[PDB]
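Here the structure comes first, spelled out in structure tokens, and everything after it is commentary.
2 protein chains.
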Amino acid sequence: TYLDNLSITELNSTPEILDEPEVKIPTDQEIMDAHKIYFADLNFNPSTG
Amino acid sequence: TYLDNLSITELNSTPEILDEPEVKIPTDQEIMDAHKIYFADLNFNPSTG
Numbered sequence: 731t732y733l734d735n736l737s738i739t740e741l742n743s744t745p746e747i748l749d750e751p752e753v754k755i756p757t758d759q760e761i762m763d764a765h766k767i768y769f770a771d772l773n774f775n776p777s778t779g
Numbered sequence: 731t732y733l734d735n736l737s738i739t740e741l742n743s744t745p746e747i748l749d750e751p752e753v754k755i756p757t758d759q760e761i762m763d764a765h766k767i768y769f770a771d772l773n774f775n776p777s778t779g
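Residue numbers (PDB author numbering), protein chains in the order written: chain B, 731 to 779; chain G, 731 to 779.
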């Protein structure tokens with residue numbers, strides 16, 4: 731039951747400073763055709779269909 | 731054989747039908763689909779295609 735030094739410290743300093751949390755950027759060459767939706771903006775000419 | 735009197739006479743006036751108000755009127759239902767030309771009338775709705 732005898733431990734001559736036993737104590738708590740505050741330790742406000744939390745590591746909010748870190749490394750770079752962003753992995754290396756890719757080029758995405760293989761299949762960028764994974765989109766398939768589009769819209770076509772078009773006008774109407776009356777007196778013909 | 732022998733016969734002595736021979737006589738022809740009239741009795742009436744027999745009916746005769748007047749059936750001709752030019753009933754022959756040309757219909758000809760193979761010309762009826764020999765038209766082949768038409769025109770459509772559309773109605774354009776913007777913000778959809």
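Beta carbons: idealized from backbone N, C-alpha and C, even for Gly.
Residue i CB to nearest chain B CB: under 8 Å?
i          : result
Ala-770(G) : yes
Roughly how many angstroms separate the alpha carbons of residue i and residue j, rounded to a whole number?
i          : j          : result
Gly-779(G) : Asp-771(B) : 8 Å
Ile-747(G) : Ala-764(G) : 39 Å
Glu-752(B) : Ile-761(B) : 23 Å
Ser-743(G) : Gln-759(G) : 43 Å
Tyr-768(G) : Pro-776(B) : 17 Å
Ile-755(B) : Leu-741(B) : 36 Å
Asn-773(G) : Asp-749(G) : 54 Å
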